[PDB]
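Only one chain comes next, encoded as structure tokens, the form deposited in one PDB entry.
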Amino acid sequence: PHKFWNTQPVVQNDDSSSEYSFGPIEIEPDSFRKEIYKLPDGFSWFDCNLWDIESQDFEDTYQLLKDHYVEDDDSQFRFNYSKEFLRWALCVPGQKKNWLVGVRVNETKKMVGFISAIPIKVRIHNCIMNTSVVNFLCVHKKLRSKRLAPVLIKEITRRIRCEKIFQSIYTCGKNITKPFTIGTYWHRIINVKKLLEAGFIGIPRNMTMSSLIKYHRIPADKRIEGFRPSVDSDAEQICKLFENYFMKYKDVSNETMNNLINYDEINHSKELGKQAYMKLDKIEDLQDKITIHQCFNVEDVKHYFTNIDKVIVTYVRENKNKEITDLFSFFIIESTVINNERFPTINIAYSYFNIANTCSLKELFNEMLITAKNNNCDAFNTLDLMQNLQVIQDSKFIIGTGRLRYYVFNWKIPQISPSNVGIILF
């Protein structure tokens, strides 16, 4: 039984609707709480200065997440996001200073809480909007189970609404309310010895370390040339590549895609905002198409689909006309081995956005797997989003533990396959 989420404009697990529809759950442009939320006495909010990678805030935030952010089911691994990664993930085009929210102990100046939002643009069926992604919610372990998380969530909500934004996207490794999709984790083992020594996998009784190495090898043959890291000047071509990709997989007509309802222009009125409601006749109308995805302008492409060592890798394929025709990308996050002092961390690649036009998605992922190996990644992680299942099938990926639940705040999305979802959170 929820005490917080049952009061929020999200679809509840017991939602009893017999129709598939889209649109805002509520249109409440001026009725939200505007006063800052109270923290326990002795604590204070601050805008986290992640704008200087050398800042004390950045050091405190890095340390908070390193020691208290997400752990796996059995508390063997914990994420160790680098400062360079956090800068790339949070200082995005259009970011607001007050969407990076810390909690500090007044007497000691020690940071004990963080929550972030980043701005993104999303298409949801026939609508388009500026929205937010909430991520990196973290409370110091000594302060857990004291209901601080709803305080942080309400305060980031207030800060997002003060920017005239009333929706958000977020994921969680557990069920909270009703998710609009569920992602499955898939792991491609790259460095077998390192992952055995870390305890991520073990040596099966019918195998050996040498046969395990042999089985998990990234296939070497069948290389496709023409791939190269992207550079800044690619941004326009990459932006066009994504447009054609989303146009290819659209779940609405061509005319609708060129005439999306801009929710930004109507979310100020309970009457005009009603235009965003859309009844879907059949859920099969969405099969094999993309229903919700991020939208990238050229500035966004330049920031996200770049190449920063140990953070983000983006390659493009050119054709004989030197036109970009394909793209693969993955980001890199280190994880700490909690129960290990001598082998403390491991580098993990995570599939980002991938577009295959001149080769198969399998061929592209094989090139990306080799590039991940050459970037010293110990494993390659992917979700069954977009068309990734085509690659995950008939492959050597191994299923992960748990599931990734996708949520949208204050919007209705029918439950859809993760193949219909083009939203990757960091």
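In this text, residue numbers run from 1 along the sequence as written. Think of the rigid core as the biggest set of C-alphas that the two forms share within 1.5 Å after superposition.
Across the two stretches, 153-161 and 306-314, the PDB entry reports the greater mean Cα temperature factor for 306-314. Taking only CA atoms, the mean B-factor in the PDB entry is higher for 249-257 than for the other of 75-83 and 249-257. Ranking 119, 202, 113, 226 by the C-alpha B-factor listed in the PDB entry places 226 at the top. When the Cα B-factors of 95, 335, 291, 237 are read from the PDB record, 237 comes out highest.
Among the modelled residues of its chain, residue 51 has a C-alpha B-factor that falls in the highest third according to the deposited record. Looking at the C-alpha B-factors along this chain, the one for residue 22 belongs to the middle third.
Residue 371: CA B factor in the middle third of modelled residues in this chain (values from the PDB entry). Among the modelled residues of the chain, residue 16 sits in the highest third by CA temperature factor in this PDB entry.
Per-chain ranking of the deposited C-alpha B factor places residue 44 in the middle third.
Keep in mind the form deposited in another entry is missing from the figure; the text below concerns it.
The comparison between this form and the one not shown, aligned on the rigid core, picks out a single residue among 279, 142, 146, 205 whose CA moves by 2 Å or more, and that residue is 205.
Annotation for residue 19: C-alpha shift of 2 angstroms or more between this form and the one not shown, rigid core superposed. In contrast to the form presented, in that other deposited form the C-alpha positions of residue 19 and residue 274 draw closer by 3 Å or more.
Distance between the C-alpha atoms of residue 383 and residue 20: longer by at least 3 Å in that other deposited form than in the displayed form.
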